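K.L.:
The structure that follows is given in the form of structure tokens.
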Amino acid sequence: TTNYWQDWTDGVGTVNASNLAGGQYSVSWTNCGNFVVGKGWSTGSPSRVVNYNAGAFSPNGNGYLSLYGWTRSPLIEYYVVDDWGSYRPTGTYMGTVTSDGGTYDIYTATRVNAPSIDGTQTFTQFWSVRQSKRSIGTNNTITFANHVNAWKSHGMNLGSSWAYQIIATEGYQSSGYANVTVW
């Protein structure tokens, strides 16, 4: 089961996050800047099968619910986005993957001198973004290998050093509430 709790905020606005029992967490936020909260594993794996149930996910404006993590060597921030608020995230279109009963658009982007796990850096994002919002309150699976192997087909190769891997709630200039269980 999960072994890791993430609670990162840029300190802008109010983000109240709770590390509940087991794989469960809750977050209430008001006029945030950027935050990432979630549960998962301190060391990511390309073969991990991730399960979650979002009891609530109600962003007022920009918020994502995703499988989220980083690699180093080189520095890559990756997302498998199942739900979003007002803004569907996009980048440069690479193609599509069908996994766990949904179709995802695959995108790349570069972030130049941006906040990272290793401070201000230039890094790449790999995205799988679902074409429609996934059901809330359902036991949902992400078969991450399908995304990794789809990304590999487009030359989107992850780094050799694996950092954390979580079901994350992320806000940007928004308010909202989320309650999520991960296993």
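Count the sequence shown with this note's numbering and you get residues 433 to 615, in order.
From the three backbone atoms N, C-alpha and C, an ideal C-beta is built for every residue, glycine too.
Using a Cβ-Cβ cutoff of less than 7 Å, which residues in the same chain neighbour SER505 once the five nearest sequence positions on both sides are dropped?
P.N.:
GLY591, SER592, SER593
K.L.:
Just list the residues that DSSP pairs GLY501 with in beta bridges.
P.N.:
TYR510, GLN597
K.L.:
Who are the near neighbours of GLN557 in its chain, counting only those whose CB is closer than 6 Å to its CB and skipping five residues on each side?
P.N.:
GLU509, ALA541
K.L.:
Using the Cα positions of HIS579 and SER498, report the straight-line distance between them to the nearest angstrom.
P.N.:
13 Å
K.L.:
If you scan the region 520-601 from start to end, which runs of the beta strand (DSSP E) of 3 or more residues do you find wholly inside it?
P.N.:
524-531, 534-546, 553-562, 572-575
K.L.:
Out of curiosity, what's the CA-to-CA distance linking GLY465 and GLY534?
P.N.:
30 Å
K.L.:
Got a sec: does the ligand MN put a non-hydrogen atom nearer than 8 Å to the Cβ of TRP559?
P.N.:
Among the ligands in the structure shown, none appear at all, so the ligand MN cannot be discussed.
K.L.:
Using the C-alpha atoms, what's the distance from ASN492 back to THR503?
P.N.:
30 Å
K.L.:
Go to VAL444, then tell me how far its beta strand (DSSP E) extends in each direction, as first and last residue.
P.N.:
Where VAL444 is concerned, there is no enclosing beta strand (DSSP E), because DSSP gives it neither an H nor an E.
K.L.:
By how many angstroms is the C-alpha of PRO521 removed from the C-alpha of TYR496?
P.N.:
Roughly 9 Å separates the two Cα atoms.
K.L.:
Can you give me the start and stop residues for the beta strand (DSSP E) that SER460 sits inside?
P.N.:
456-462
K.L.:
Just the C-alpha distance for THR554 and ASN545, rounded to the nearest angstrom, thanks.
P.N.:
Straight across, the Cα-Cα distance linking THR554 with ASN545 is about 5 Å.
K.L.:
Between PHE576, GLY501, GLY523, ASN572, which lies nearest to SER548 when the distance is taken from Cα to Cα?
P.N.:
The closest CA to that of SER548, considering only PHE576, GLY501, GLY523, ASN572, is found on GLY501.
K.L.:
Taking all protein chains shown into account, decide if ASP550 is buried (16 or more other Cβ within 10 angstroms of its Cβ) or exposed.
P.N.:
exposed
K.L.:
Can you pull the DSSP bridge partners for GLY603?
P.N.:
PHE467, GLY495
K.L.:
Between the C-alpha atoms of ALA595 and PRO478, what's the straight-line distance to the nearest angstrom?
P.N.:
Using only the alpha carbons, I get a separation of about 12 Å.
K.L.:
Just the Cα atoms here: how many angstroms apart are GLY608 and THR441?
P.N.:
15 Å
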